[PDB]
Amino acid sequence: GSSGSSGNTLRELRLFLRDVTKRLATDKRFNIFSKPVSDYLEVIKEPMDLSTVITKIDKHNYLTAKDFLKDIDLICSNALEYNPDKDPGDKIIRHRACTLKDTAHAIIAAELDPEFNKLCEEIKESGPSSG
């Protein structure tokens with residue numbers, strides 16, 4: 001009699017996260033990050049976009065919440081790594097990047113309960129999921 005199972009916990013997660021990133025990407029305001037804002041795709045070292053993320057969730061890659069957030073904080077950093085300056089429209093993005101992190105992190109820290117988070121991770125120990 002194993003209290004519950006390490007299967008239902010994931011489901012809610014897989015769908016949960018995907019729900020967060022989706023809302024953002026889908027939303028226009030958060031569409032500038034949906035694509036690689038660079039002049040050359042062969043200039044970025046770690047290309048991360050809300051697009052490639054939605055895939056990871058559908059590929060059973062995100063078994064925890066932290067592994068998901070860390071991916072969101074990567075899109076904000078890069079956006080700054082390679083970005084044009086001295087042009088009308090950049091001063092905004094820079095600010096937007098930060099806004100994203102806060103929002104996404106707000107939805108997680110707000111929704112993701114302190115008891116549910118400790119679980120999704122407690123499973124990463126047994127669960128076959130890799131990293």
# chains A, B, ... in the order shown; residues from 1 in each chain; ligands from 1
$ select_by_dssp --residues "range 8-121 of chain A" --states "alpha helix (DSSP H)" --output "MDAnalysis selection string"
chainID A and resid 8:26 50:58 66:81 90:111 117:121
$ residues_around --residues "residue 68 in chain A" --least-positions-apart "2" --cutoff "12 Å" --atoms "only C-alpha atoms" --output "PyMOL selection string"
chain A and resi 13-14+16-18+20-21+50+52-57+60-66+70-75+101+104-105+108+112+117+120-121+131
$ write_last_selection --atoms "N, CA and C atoms" --output "mmCIF file, in the first residue's frame"
data_model
loop_
_atom_site.group_PDB
_atom_site.id
_atom_site.type_symbol
_atom_site.label_atom_id
_atom_site.label_comp_id
_atom_site.auth_asym_id
_atom_site.auth_seq_id
_atom_site.Cartn_x
_atom_site.Cartn_y
_atom_site.Cartn_z
ATOM 1 N N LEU A 13 1.867 18.265 -13.114
ATOM 2 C CA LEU A 13 3.042 19.085 -13.390
ATOM 3 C C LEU A 13 3.200 19.322 -14.888
ATOM 4 N N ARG A 14 3.302 18.236 -15.647
ATOM 5 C CA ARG A 14 3.457 18.326 -17.094
ATOM 6 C C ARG A 14 2.469 19.327 -17.684
ATOM 7 N N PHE A 16 0.526 21.495 -15.841
ATOM 8 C CA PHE A 16 0.662 22.748 -15.108
ATOM 9 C C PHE A 16 1.646 23.682 -15.805
ATOM 10 N N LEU A 17 2.927 23.338 -15.741
ATOM 11 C CA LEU A 17 3.969 24.144 -16.366
ATOM 12 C C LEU A 17 3.558 24.572 -17.771
ATOM 13 N N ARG A 18 3.327 23.592 -18.639
ATOM 14 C CA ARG A 18 2.926 23.867 -20.013
ATOM 15 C C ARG A 18 1.866 24.964 -20.061
ATOM 16 N N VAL A 20 1.567 27.458 -17.887
ATOM 17 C CA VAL A 20 2.212 28.726 -17.569
ATOM 18 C C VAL A 20 2.923 29.302 -18.788
ATOM 19 N N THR A 21 3.906 28.566 -19.296
ATOM 20 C CA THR A 21 4.665 29.003 -20.462
ATOM 21 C C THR A 21 3.739 29.356 -21.619
ATOM 22 N N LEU A 50 10.604 30.130 -25.432
ATOM 23 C CA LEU A 50 9.368 29.573 -24.896
ATOM 24 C C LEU A 50 8.837 28.461 -25.794
ATOM 25 N N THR A 52 10.831 26.049 -27.564
ATOM 26 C CA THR A 52 11.553 24.820 -27.261
ATOM 27 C C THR A 52 11.164 24.276 -25.891
ATOM 28 N N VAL A 53 10.718 25.167 -25.011
ATOM 29 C CA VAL A 53 10.312 24.775 -23.667
ATOM 30 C C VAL A 53 9.055 23.912 -23.703
ATOM 31 N N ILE A 54 8.017 24.416 -24.362
ATOM 32 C CA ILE A 54 6.758 23.690 -24.472
ATOM 33 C C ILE A 54 6.989 22.256 -24.936
ATOM 34 N N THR A 55 8.068 22.048 -25.683
ATOM 35 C CA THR A 55 8.403 20.723 -26.190
ATOM 36 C C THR A 55 8.935 19.827 -25.078
ATOM 37 N N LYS A 56 9.817 20.378 -24.251
ATOM 38 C CA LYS A 56 10.401 19.629 -23.144
ATOM 39 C C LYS A 56 9.313 19.056 -22.243
ATOM 40 N N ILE A 57 8.243 19.821 -22.053
ATOM 41 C CA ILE A 57 7.132 19.388 -21.215
ATOM 42 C C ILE A 57 6.364 18.245 -21.869
ATOM 43 N N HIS A 60 8.346 14.681 -21.540
ATOM 44 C CA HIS A 60 8.594 14.175 -20.195
ATOM 45 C C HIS A 60 10.018 14.491 -19.749
ATOM 46 N N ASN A 61 10.399 15.761 -19.858
ATOM 47 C CA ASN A 61 11.735 16.194 -19.468
ATOM 48 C C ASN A 61 11.699 16.933 -18.133
ATOM 49 N N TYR A 62 10.612 17.657 -17.894
ATOM 50 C CA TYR A 62 10.453 18.413 -16.657
ATOM 51 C C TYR A 62 9.723 17.587 -15.603
ATOM 52 N N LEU A 63 10.481 17.037 -14.661
ATOM 53 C CA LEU A 63 9.907 16.224 -13.595
ATOM 54 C C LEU A 63 9.692 17.053 -12.333
ATOM 55 N N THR A 64 10.309 18.231 -12.292
ATOM 56 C CA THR A 64 10.186 19.120 -11.144
ATOM 57 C C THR A 64 9.816 20.532 -11.580
ATOM 58 N N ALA A 65 9.677 21.429 -10.608
ATOM 59 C CA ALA A 65 9.328 22.815 -10.893
ATOM 60 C C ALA A 65 10.579 23.664 -11.102
ATOM 61 N N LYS A 66 11.610 23.396 -10.308
ATOM 62 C CA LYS A 66 12.864 24.133 -10.407
ATOM 63 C C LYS A 66 13.493 23.955 -11.784
ATOM 64 N N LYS A 70 14.346 27.366 -13.992
ATOM 65 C CA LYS A 70 15.722 27.586 -14.423
ATOM 66 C C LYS A 70 15.792 27.804 -15.931
ATOM 67 N N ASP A 71 14.885 27.162 -16.659
ATOM 68 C CA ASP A 71 14.843 27.289 -18.111
ATOM 69 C C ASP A 71 14.303 28.655 -18.522
ATOM 70 N N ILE A 72 13.420 29.210 -17.699
ATOM 71 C CA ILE A 72 12.830 30.512 -17.977
ATOM 72 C C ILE A 72 13.824 31.636 -17.706
ATOM 73 N N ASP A 73 14.659 31.448 -16.690
ATOM 74 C CA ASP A 73 15.660 32.445 -16.328
ATOM 75 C C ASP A 73 16.783 32.485 -17.361
ATOM 76 N N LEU A 74 16.837 31.464 -18.210
ATOM 77 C CA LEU A 74 17.863 31.383 -19.243
ATOM 78 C C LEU A 74 17.486 32.233 -20.452
ATOM 79 N N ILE A 75 16.188 32.335 -20.716
ATOM 80 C CA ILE A 75 15.697 33.120 -21.841
ATOM 81 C C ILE A 75 15.872 34.614 -21.587
ATOM 82 N N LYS A 101 10.558 36.937 -15.951
ATOM 83 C CA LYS A 101 11.034 36.169 -14.808
ATOM 84 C C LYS A 101 10.105 36.342 -13.610
ATOM 85 N N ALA A 104 6.460 34.689 -14.446
ATOM 86 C CA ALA A 104 6.586 33.237 -14.417
ATOM 87 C C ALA A 104 6.858 32.738 -13.001
ATOM 88 N N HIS A 105 7.850 33.336 -12.349
ATOM 89 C CA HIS A 105 8.211 32.951 -10.988
ATOM 90 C C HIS A 105 7.053 33.204 -10.027
ATOM 91 N N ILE A 108 4.456 30.403 -10.367
ATOM 92 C CA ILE A 108 4.952 29.167 -9.776
ATOM 93 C C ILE A 108 4.952 29.248 -8.253
ATOM 94 N N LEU A 112 2.305 26.683 -7.364
ATOM 95 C CA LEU A 112 3.096 25.572 -6.846
ATOM 96 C C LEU A 112 3.165 25.615 -5.323
ATOM 97 N N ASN A 117 5.651 20.836 -4.387
ATOM 98 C CA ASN A 117 6.981 21.006 -4.960
ATOM 99 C C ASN A 117 7.957 19.986 -4.383
ATOM 100 N N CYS A 120 7.243 16.532 -6.322
ATOM 101 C CA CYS A 120 7.753 16.434 -7.684
ATOM 102 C C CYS A 120 9.248 16.132 -7.684
ATOM 103 N N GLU A 121 9.951 16.645 -6.679
ATOM 104 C CA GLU A 121 11.389 16.431 -6.565
ATOM 105 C C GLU A 121 11.689 15.094 -5.894
ATOM 106 N N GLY A 131 18.266 13.646 -16.595
ATOM 107 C CA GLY A 131 18.557 15.066 -16.519
ATOM 108 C C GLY A 131 19.875 15.423 -17.177
#
$ residues_around --residues "residue 33 in chain A" --least-positions-apart "4" --cutoff "9 Å" --atoms "only C-alpha atoms" --output "PyMOL selection string"
chain A and resi 25+37+49-51+75-76+79+97
$ residues_around --residues "residue 5 in chain A" --least-positions-apart "6" --cutoff "12 Å" --atoms "only C-alpha atoms" --output "ChimeraX atom specification"
/A:11,119-120,122-123,126-127
$ write_last_selection --atoms "N, CA, C and O atoms" --output "PDB file, in the first residue's frame"
ATOM      1  N   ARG A  11       1.702  14.176 -13.916  1.00  0.00           N
ATOM      2  CA  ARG A  11       0.645  14.636 -14.809  1.00  0.00           C
ATOM      3  C   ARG A  11       0.318  16.105 -14.552  1.00  0.00           C
ATOM      4  O   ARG A  11       0.487  16.951 -15.430  1.00  0.00           O
ATOM      5  N   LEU A 119       7.353  17.201  -3.474  1.00  0.00           N
ATOM      6  CA  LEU A 119       6.995  15.887  -3.997  1.00  0.00           C
ATOM      7  C   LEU A 119       7.603  15.668  -5.379  1.00  0.00           C
ATOM      8  O   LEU A 119       8.380  14.735  -5.585  1.00  0.00           O
ATOM      9  N   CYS A 120       7.243  16.532  -6.322  1.00  0.00           N
ATOM     10  CA  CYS A 120       7.753  16.434  -7.684  1.00  0.00           C
ATOM     11  C   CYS A 120       9.248  16.132  -7.684  1.00  0.00           C
ATOM     12  O   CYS A 120       9.754  15.452  -8.577  1.00  0.00           O
ATOM     13  N   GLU A 122      10.922  14.773  -4.856  1.00  0.00           N
ATOM     14  CA  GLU A 122      11.108  13.524  -4.128  1.00  0.00           C
ATOM     15  C   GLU A 122      10.984  12.325  -5.063  1.00  0.00           C
ATOM     16  O   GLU A 122      11.462  11.232  -4.756  1.00  0.00           O
ATOM     17  N   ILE A 123      10.339  12.537  -6.206  1.00  0.00           N
ATOM     18  CA  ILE A 123      10.153  11.475  -7.186  1.00  0.00           C
ATOM     19  C   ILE A 123      11.358  11.367  -8.114  1.00  0.00           C
ATOM     20  O   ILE A 123      11.697  10.281  -8.586  1.00  0.00           O
ATOM     21  N   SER A 126      13.539   8.363  -7.587  1.00  0.00           N
ATOM     22  CA  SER A 126      13.166   7.048  -8.094  1.00  0.00           C
ATOM     23  C   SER A 126      12.810   7.117  -9.576  1.00  0.00           C
ATOM     24  O   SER A 126      13.346   6.366 -10.390  1.00  0.00           O
ATOM     25  N   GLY A 127      11.901   8.025  -9.918  1.00  0.00           N
ATOM     26  CA  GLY A 127      11.490   8.177 -11.302  1.00  0.00           C
ATOM     27  C   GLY A 127      12.629   7.950 -12.275  1.00  0.00           C
ATOM     28  O   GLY A 127      13.775   8.323 -12.021  1.00  0.00           O
TER      29      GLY A 127
END
$ atom_distance --atom1 "CA of residue 48 in chain A" --atom2 "CA of residue 77 in chain A"
9.8 Å
$ residues_around --residues "residue 83 in chain A" --least-positions-apart "6" --cutoff "9 Å" --atoms "only C-alpha atoms" --output "ChimeraX atom specification"
/A:37-39,90
$ atom_distance --atom1 "CA of residue 107 in chain A" --atom2 "CA of residue 19 in chain A"
10.4 Å
$ closest_residue --among "A:47, A:93, A:85, A:67" --to "residue 29 in chain A" --atoms "only C-alpha atoms"
A:93
$ closest_residue --among "A:2, A:10, A:26, A:15" --to "residue 116 in chain A" --atoms "only C-alpha atoms"
A:10
$ atom_distance --atom1 "CA of residue 129 in chain A" --atom2 "CA of residue 114 in chain A"
21.8 Å
